[PDB]
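Shown next, in structure tokens, is the structure this report addresses.
Chain letters run A, B, ... following the sequence lines, proteins first, then strands; residues in each count from 1.
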Amino acid sequence: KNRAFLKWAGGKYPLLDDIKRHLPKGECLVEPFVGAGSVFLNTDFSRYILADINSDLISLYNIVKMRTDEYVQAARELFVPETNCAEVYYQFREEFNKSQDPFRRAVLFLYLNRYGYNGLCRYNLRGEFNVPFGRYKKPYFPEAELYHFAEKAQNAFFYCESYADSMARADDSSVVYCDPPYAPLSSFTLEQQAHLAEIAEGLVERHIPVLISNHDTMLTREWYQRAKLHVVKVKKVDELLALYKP
DNA sequence: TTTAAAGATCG
DNA sequence: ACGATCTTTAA
Ligand SMILES: C[S@@+](CC[C@H](N)C(=O)[O-])C[C@H]1O[C@@H](n2cnc3c(N)ncnc32)[C@H](O)[C@@H]1O
């Protein structure tokens, strides 16, 4: 199982096996919520259309793809014992928020992701990364995961856009896998959740297979009503895999 | 400026 | 989800 080089929400490693079993075959894979791209790294499609609303994430992916060796060498400098402390961390965080260079920001972004608290990615309304120091014993430098991402990225396009705009890139050769932010058990609104389901029903009308993963609640069961539902056993909340087969 | 509730900040 | 301390919002 290929691991992403980033700490990210919805890694979904345990249920990667369930995704592949319910994900149809096609020429191209479309991911509106690529995130860490665990599905992308653990599937084998000819082409990939990978999208996310996070511009720092998308910019990082483009840098890693086009400038792999240059990036790895520069980023590896950050992962040494001297940079594993609060004072250095907050200066690099400040440098990141003030940097105008995409390459430099991409380098610092990996450092912040690995040395920051819980591997979180949080911004204020000023667009500034404000995750505190994580204080780990020894953050891991994902060199192998980086090179593996770069090689697989050669068959992928990265776009920074909302799900509605990325799913419209899908055609008949396409297969769409959606991994939206989790639905409430008691940002991403409820309207966007239902809208995603409606867009899915639109694609399946044009003979485009769509697979959506989410929590198994009352709202999600209602939203994905027109889909072939599968429940995976993970309060005790299970996950739901909604399949819109043409 | 006042006021109260709400939202935002960031360790 | 936490919490003290900011800013925001509307009459
Ligand atoms: C919970 S993560 C899942 C990522 C991915 N499935 C993985 O394996 O890491 C969902 C991602 O969707 C992106 N996202 C959030 N809201 C979005 C929106 N309204 N439109 C498009 N993408 C969005 C976020 O940047 C986030 O990284």
Side-chain angles (χ1 to χ4, degrees), chain A residues 3-11 13-16 33-36 38 52-60 75 77-102 104-134 136 139-142 160-163 178-184 188-196 212-217 219-221 223 231-232 237 239-241:
Chain A
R3 298 203 98 196
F5 62 92
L6 291 176
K7 300 184 187 178
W8 207 265
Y13 289 119
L15 62 112
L16 273 177
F33 315 88
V34 59
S38 60
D52 198 284
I53 201 64
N54 189 305
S55 62
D56 293 328
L57 179 63
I58 296 301
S59 176
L60 168 63
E77 286 190 3
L78 283 56
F79 297 59
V80 299
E82 305 90 48
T83 66
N84 193 18
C85 71
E87 290 72 27
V88 172
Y89 176 85
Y90 289 118
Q91 178 159 100
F92 276 149
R93 190 180 74 176
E94 182 187 23
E95 180 186 351
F96 172 83
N97 290 325
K98 294 186 177 183
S99 179
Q100 297 287 79
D101 179 40
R104 183 56 181 176
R105 285 179 62 94
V107 170
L108 293 170
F109 193 81
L110 183 54
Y111 168 84
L112 294 170
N113 176 262
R114 286 285 166 175
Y115 285 72
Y117 207 103
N118 293 338
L120 295 181
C121 188
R122 183 182 63 188
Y123 308 90
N124 52 27
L125 290 178
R126 307 187 181 190
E128 299 174 345
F129 186 90
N130 65 349
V131 174
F133 179 53
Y136 296 96
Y140 167 66
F141 181 66
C160 180
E161 57 193 15
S162 192
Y163 61 94
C178 300
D179 191 2
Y182 280 137
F188 208 74
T189 64
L190 301 180
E191 290 78 8
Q192 294 182 284
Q193 294 277 10
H195 183 207
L196 179 62
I212 306 178
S213 61
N214 208 328
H215 283 329
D216 184 28
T217 65
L219 293 83
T220 59
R221 228 133 206 243
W223 291 332
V231 181
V232 282
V237 45
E239 278 237 1
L240 175 61
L241 267 57

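- Between the P atom of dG11(B) and the OH atom of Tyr117(A) lies a distance of 12 Å, rounded to the nearest Å.
- Dashed line: the shortest gap from a side-chain N or O of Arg126(A) to OP1 or OP2 of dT7(C) is not under 4.0 Å.
- Here the CZ-CG distance, from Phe5(A) to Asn113(A), works out to 8.5 Å after rounding to the nearest 0.5 Å.
- Look at CD on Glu94(A): it is 15 Å from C1' on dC10(B), rounded to the nearest Å.
- In this pair, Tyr89(A) and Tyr111(A) present their aromatic rings tilted. The plane angle is within the 30 to 60° band.
- Between the CG atom of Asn130(A) and the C1' atom of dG11(B) there is a distance of 9 Å, given to the nearest Å.
- Residue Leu125(A) has its side chain nearest to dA8(B) when only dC10(B), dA8(B), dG11(B) are considered.
- Atom pair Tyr123(A):OH and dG7(B):P shows a separation of 23 Å (rounding to whole Å applied).
- Taking atom CG on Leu120(A) and atom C1' on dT9(B), their separation rounds to 15 Å, with Å as the unit.
- Counting to the nearest Å, the P atom of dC10(B) and the OH atom of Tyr89(A) are 12 Å from each other.
- Among the protein residues, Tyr90(A) comes within range of the sugar-phosphate backbone only, with heavy atoms under 4.0 Å from sugar or phosphate atoms but none that close to a base.
- Around the CD atom of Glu95(A), the shell of radius 6.0 Å holds more than 12 heavy atoms that belong to other residues, nucleotides or ligands.
- In this structure, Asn124(A) atom CG and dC6(C) atom P are separated by 17 Å, rounded to whole Å.
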Ring pair (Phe, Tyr, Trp, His ring centres under 6.0 Å) between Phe188(A) and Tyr182(A), intermediate numbers included: CA-CA 8 Å; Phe188(A) 208 74; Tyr182(A) 280 137; over 10 Å; no
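- Rounded to a whole Å, the CZ atom of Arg122(A) is 7 Å from the P atom of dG11(B).
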